[PDB]
Amino acid sequence: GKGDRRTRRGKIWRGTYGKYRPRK
Amino acid sequence: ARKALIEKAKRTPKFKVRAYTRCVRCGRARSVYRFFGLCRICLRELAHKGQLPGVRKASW
Amino acid sequence: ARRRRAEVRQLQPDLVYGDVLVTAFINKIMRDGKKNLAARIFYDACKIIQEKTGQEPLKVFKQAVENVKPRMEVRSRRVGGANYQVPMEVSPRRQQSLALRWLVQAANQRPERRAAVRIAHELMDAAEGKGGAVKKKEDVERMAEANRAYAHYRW
Amino acid sequence: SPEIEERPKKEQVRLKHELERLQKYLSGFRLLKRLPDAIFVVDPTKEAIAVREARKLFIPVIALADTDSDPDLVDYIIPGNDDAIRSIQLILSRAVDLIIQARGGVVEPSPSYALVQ
Amino acid sequence: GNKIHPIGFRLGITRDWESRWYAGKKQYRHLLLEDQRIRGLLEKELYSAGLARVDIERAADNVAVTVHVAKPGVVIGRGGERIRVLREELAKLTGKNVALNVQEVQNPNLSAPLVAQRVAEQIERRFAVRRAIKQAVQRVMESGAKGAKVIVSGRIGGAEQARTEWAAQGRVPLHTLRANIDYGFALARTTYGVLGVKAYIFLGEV
Amino acid sequence: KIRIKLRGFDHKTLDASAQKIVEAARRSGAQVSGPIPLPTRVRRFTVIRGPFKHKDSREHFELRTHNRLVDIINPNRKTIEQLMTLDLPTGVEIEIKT
RNA sequence: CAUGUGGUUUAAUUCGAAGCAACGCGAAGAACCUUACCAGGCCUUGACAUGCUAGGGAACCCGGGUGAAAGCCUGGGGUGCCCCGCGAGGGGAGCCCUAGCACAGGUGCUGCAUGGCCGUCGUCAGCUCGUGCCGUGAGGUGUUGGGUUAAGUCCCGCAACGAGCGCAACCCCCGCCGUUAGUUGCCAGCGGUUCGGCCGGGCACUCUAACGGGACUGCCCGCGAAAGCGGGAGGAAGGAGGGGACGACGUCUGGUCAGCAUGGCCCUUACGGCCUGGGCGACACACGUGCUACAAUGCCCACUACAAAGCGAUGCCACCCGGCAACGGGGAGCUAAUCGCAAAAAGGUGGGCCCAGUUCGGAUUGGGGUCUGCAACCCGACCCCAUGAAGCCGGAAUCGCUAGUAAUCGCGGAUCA
Ligand SMILES: [Mg+2]
Ligand SMILES: [Mg+2]
Ligand SMILES: [Mg+2]
Ligand SMILES: [Mg+2]
Ligand SMILES: [Zn+2]
């Protein structure tokens, strides 16, 4: 889901990282 | 309000969030490239004239 | 085009069995340009073939597509201002095209969950003589012999 | 000329094709760059297209003519056969003979009898 | 029609920049900004002798302001006074090392900008608009050129509806690169409005 | 030991100034690695043609910013004077460091 | 649902574009900025230019009362230059306050008063000139005709012969290779090696650009009068190799006075100017272009691998500590093929899911937080918890593209706080 505000590609499409997406 | 505005754009009296971009040549409100500091219109005009160094016709 | 006939696209032969017909089937399965995915999905069914019957997936594939190969079809055509459903022989390429195509659809028609098993069971019924894609073939050939009256315009 | 070094094969054969067609028709006309004092023809009817030009240009009109012709529109007529190499040769030979005879050094007529057959 | 500006078309191959010089991504704007006001002031107090190619060179405080002119006899005055005070007013507001390298023009009739600004002025002075273009194109061709083209546009004389007078001779292959065709734009003030001017001079080849 | 940068626009003018330095340094000193071209950083600017609305037929330019590297080893006094006097740059902003 | 528009509403909800070629268009960046509209408060020779006279003052730095800001009112420091003069004084170049006149300024109309630029027919195959010829003449001829072609391309033919604006061709990218230059990469070669091409070392390779070569129906066979077409070899690539730029005479009373130039028109204590707040974001509705889905060729978690292009010194941030997190504190490299955004994603391996309004789908809404910025109610963006709506593939109708294309999956840039 490229639209889920809580998923892998969820932030990837939004150009962000956050919790569910690994970040330094 | 065209003339008084181009003068106000160079004023920057209050905070920095008013020193918006403003073309120099024909003094356009928008489409102002920061690099050239010109508007897209006067940009192409000069380019054809050759007054823009290193600015060659792009082709690929 | 109005000028040239435009030659067919000679596809790359099979990279496992050695046959262009197989690879073409992978292409029909290919969704969103994922060959390697569709390829495996095809070979998955190939193994499902040997699971059910001790028959080689190669000939099991030929038998299926062969029994789903539409011999004739009806085509619309104008004459002074009227459409006639004129039937006639199909081109060998188009027959191969439709056959491979219908099968892919017939698999989609099945209730089976995984795609491989859908392709598997469908290829069985097709090679047999009765299946979702096969009946759609039987259907089209009926239309031909049905409108055999208008077959006077062979063109 | 040593200027052939340039000009690619393109302009070469084309320019050679120029020379070919140029000589294909003009060969025999280029020798004179002025309006001829008169015109001689083999059939005033067929080449009447030229007859008109000379006529409108006040250029005298002389020409061998067959029954299939229009004698009234010809100044100095030359009646006789025309659709035969035999008849044409006898006239053209003797005619040009008068040209060289009034010029200088009367030579032997060109080898035509051999070409006739 | 369209017809992209033939100069920007030859920009790379044929004619080089009317202002040649390098600049870093840091101050390219400021450099070209002052570079502009320069040529602008030149067009103002120098159009007298009829300038054209205002060539410019820069690198580091050095600015070769080469200015091609139909007759430098006016850009120098007498001995050295006009040209000198010109360098004065130049660096007077600038800071770079001004260097006015004036150069004549072998023939203004073969120079597009001059041919245009010339006839364009005639129209301002109220003249035979039609034949003014005819003599202009005939002037360049009979001069030594190998292709000419001139076009005015606007209220010819002062008519309501617009119009555009086309006139040219020789060859003007604008689609070809190896042509070296000088462009010649020009204004034309009239008591009734504006007026467009164009000019094309084919010369070079290969 | 020493390293020279030759940034500039026109590669035709860059080639002349770069080759010039190569002859001057080698023909009057120790070894010198030839002109080393780097990936040319280009400023591709796209934009519309018409003044008003025309989201098509747009025209775009590009700023060719070339790069050429040349390395001279042994600091020769002859090469220093040669490059200090016999030079003919123009639109070529060079930068040299040890 | 994002965004444009119609309509409605509003004090304003600024104006333009109107079948194709208006509708994610002008906008490549509306919180006040921007802004041209509206409300309330002020200025009104002005925020900008030029010139002259008059009372006064150099310039210039800091403070205060009041205010929503602007503006209005008002206090302190100060005194460079030249001339007459030891001095005093005062005049004046110049900068500034005020009074005065010429004047500024207008995004206020007219794109049928215009320039410039652009859309479009359409990269469609065409449109014209000179001379000669026929016709009372408009005009024809050439340019038609046969064949061929992407083509008015060329060939054959002809009352035409020739030339010009066009197609072609010259310039850029990607393809095959070489020459030139080896701090990019390289045990290809050898040795050492904390095994990272790190050291030495090397330019063969990859690459980085720079120059040139190659393809010309050139060669062989068939057809033909020719141009050319067809099949094959050689070659990296054949009959324009793929792609770009190039868009003729004219056409549409086509677009734009709101990019700019600009005739005329109209206003001038306001049709000009500054400020605070509001407004382009208003919603009972409809259309256009889009994004995200309706899921098992699929969705979630962990682990792992292959790009290109572009960008970055008061900017890109390695990496360390902290927080679930956005992000904050500390802090190295980097005017940058050498450091950095940076993990390409899809894919690949193993695992969970078992057909469900679902671990599909992510709109809506409650509570709490971070960054930019004076300032996030209107009106920004992104986090974490909860909320989990419609939709189970869509009526009439309708759009895209013939090969690395469609589909599909990612990254960057301009713009810009
Ligand atoms: Mg308007
Ligand atoms: Mg109109
Ligand atoms: Mg090489
Ligand atoms: Mg809570
Ligand atoms: Zn502007």
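Line by line, the protein sequences give chains AU, AN, AG, AB, AC and AJ. Position in the first sequence (first residue = 1) + 1 = the authors' numbering. Position in the second sequence (first residue = 1) + 1 = the authors' numbering. Position in the third sequence (first residue = 1) + 1 = the authors' numbering. Position in the fourth sequence (first residue = 1) + 123 = the authors' numbering. Position in the fifth sequence (first residue = 1) + 1 = the authors' numbering. Position in the sixth sequence (first residue = 1) + 2 = the authors' numbering. Here a beta-carbon is modelled for each residue, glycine too, at the ideal position from N, C-alpha and C.
Is the distance from the Cβ of residue i to the Cβ of residue j below 9 Å?
{"i": "residue 7(AN)", "j": "residue 53(AJ)", "result": "no"}
{"i": "residue 150(AC)", "j": "residue 169(AC)", "result": "yes"}
{"i": "residue 11(AC)", "j": "residue 187(AC)", "result": "no"}
{"i": "residue 184(AB)", "j": "residue 164(AB)", "result": "yes"}
{"i": "residue 144(AC)", "j": "residue 110(AC)", "result": "yes"}
{"i": "residue 52(AN)", "j": "residue 44(AC)", "result": "no"}
{"i": "residue 129(AC)", "j": "residue 196(AC)", "result": "no"}
{"i": "residue 9(AU)", "j": "residue 24(AU)", "result": "no"}
{"i": "residue 96(AJ)", "j": "residue 5(AJ)", "result": "no"}
{"i": "residue 57(AG)", "j": "residue 49(AG)", "result": "no"}
{"i": "residue 32(AG)", "j": "residue 25(AG)", "result": "no"}
{"i": "residue 9(AG)", "j": "residue 149(AG)", "result": "no"}
{"i": "residue 25(AN)", "j": "residue 39(AN)", "result": "yes"}
{"i": "residue 84(AC)", "j": "residue 191(AC)", "result": "no"}
Report, in whole angstroms, the separation of the C-beta atoms of residue i and residue j, which I expect to be a contact under 8 Å.
{"i": "residue 42(AJ)", "j": "residue 69(AJ)", "result": "6 Å"}
{"i": "residue 144(AG)", "j": "residue 71(AG)", "result": "About 10 Å separates the two Cβ atoms, so there is no contact after all."}
{"i": "residue 85(AG)", "j": "residue 154(AG)", "result": "6 Å"}
{"i": "residue 214(AB)", "j": "residue 203(AB)", "result": "7 Å"}
{"i": "residue 55(AC)", "j": "residue 40(AC)", "result": "5 Å"}
{"i": "residue 100(AJ)", "j": "residue 31(AJ)", "result": "The pair is not a contact, with the Cβ atoms about 16 Å apart (cut-off 8 Å)."}
{"i": "residue 121(AG)", "j": "residue 65(AG)", "result": "That belief does not hold up - the Cβ atoms of residue 121(AG) and residue 65(AG) are roughly 11 Å apart, past 8 Å."}
Given residue i, which residues of its chain have a CB within under 7 Å of its CB, disregarding the five upstream and five downstream residues?
{"i": "residue 60(AC)", "result": "22 and 23"}
{"i": "residue 69(AG)", "result": "100, 103, 104, 127, 134, 135 and 138"}
{"i": "residue 88(AC)", "result": "99 and 101"}
Would the C-beta of residue i count as close to ligand 6, meaning under 8 Å from any of its heavy atoms?
{"i": "residue 75(AG)", "result": "In terms of ligand content, the structure shown lacks ligand 6 and carries ligand 1, ligand 2, ligand 3, ligand 4 and ligand 5 instead."}
Please work out which residues of its chain come closer than 6 Å, Cβ to Cβ, to residue i, disregarding the five sequence neighbours upstream and downstream, and give them in chain order.
{"i": "residue 62(AC)", "result": "97 and 98"}
{"i": "residue 112(AC)", "result": "53 and 106"}
{"i": "residue 119(AG)", "result": "108, 111 and 113"}
{"i": "residue 38(AJ)", "result": "71"}
{"i": "residue 201(AC)", "result": "150, 173 and 182"}
{"i": "residue 21(AG)", "result": "12 and 14"}
{"i": "residue 50(AJ)", "result": "56 and 60"}
{"i": "residue 58(AC)", "result": "21, 22 and 65"}
{"i": "residue 67(AC)", "result": "56 and 102"}
Ordered along the chain, which non-local residues of its own chain (more than five positions away) have a Cβ less than 8 Å from that of residue i?
{"i": "residue 178(AB)", "result": "184 and 196"}
{"i": "residue 51(AC)", "result": "70, 71, 72, 109, 115, 118 and 119"}
{"i": "residue 44(AJ)", "result": "64, 65, 66 and 67"}
{"i": "residue 23(AN)", "result": "7, 10, 11, 29, 30 and 33"}
Query - Segments of 4+ residues assigned as alpha helix (DSSP H) that fall wholly inside the stretch 29 to 111 of chain AC - result: 29 to 45 and 83 to 94
Query raised in the report: Just by C-beta distance, which residues in the stretch 17 to 51 of chain AJ are closer than 7 Å to chain AC?
Result: none
Query raised in the report: Taking a cut of 9 Å between CB atoms, which residues from the stretch 54 to 84 of chain AJ lie near chain AN?
Result: 61, 62, 63, 64, 65, 66 and 67
Query raised in the report: Any residues in the stretch 49 to 60 of chain AN with a beta carbon nearer than 9 Å to a beta carbon of chain AC? Which ones, in chain order?
Result: 49, 50, 51, 52, 53, 54, 55, 56, 57, 58 and 60
Requested in this report: For the stretch 17 to 50 of chain AN, enumerate the residues whose C-beta is nearer than 9 Å to any C-beta of chain AJ, in chain order.
Outcome: 32, 34, 36, 37, 41, 42, 44, 45 and 48
Report task. Taking only runs that begin and end inside the stretch 125 to 179 of chain AC, name each unbroken beta strand (DSSP E) of 3 or more residues, in chain order. Result -> 148 to 154 and 165 to 171
Query - Any alpha helix (DSSP H) of 4 or more consecutive residues that is wholly inside the stretch 132 to 186 of chain AB - result: 132 to 149 and 171 to 179
Query raised in the report: Using a Cβ cut-off of 7 Å, which residues of the stretch 155 to 176 of chain AC contact any Cβ in chain AN, in chain order?
Result: none
**Report entry** Inside the stretch 188 to 222 of chain AB only - beta strand (DSSP E) runs reaching at least 3 residues
**Finding:** 199 to 202
Query - Selection of the stretch 83 to 109 of chain AC by Cβ proximity to chain AJ, strictly under 9 Å - result: none
Query - Short-range partners of chain AN found in the stretch 6 to 21 of chain AC, where Cβ spacing is below 8 Å - result: 6, 8, 9, 10, 12, 13, 16, 17, 18, 19, 20 and 21
Query raised in the report: For the stretch 53 to 74 of chain AC, which residues have a CB atom closer than 7 Å to at least one CB atom of chain AJ, in sequence order?
Result: 58 and 60
Query raised in the report: In chain order, which alpha helix (DSSP H) runs of at least 4 residues are fully inside the stretch 22 to 67 of chain AG?
Result: 36 to 53
Report task. Select from the stretch 33 to 49 of chain AC all residues with a C-beta closer than 9 Å to any C-beta belonging to chain AN, and list them in chain order. Result -> 33, 34, 36, 37 and 40
Query raised in the report: What residues in the stretch 178 to 198 of chain AC bring their beta carbon closer than 7 Å to a beta carbon of chain AN?
Result: none
**Report entry** Runs of beta strand (DSSP E) wholly within the stretch 73 to 142 of chain AG (minimum 3 residues, chain order)
**Finding:** 73 to 76 and 87 to 90
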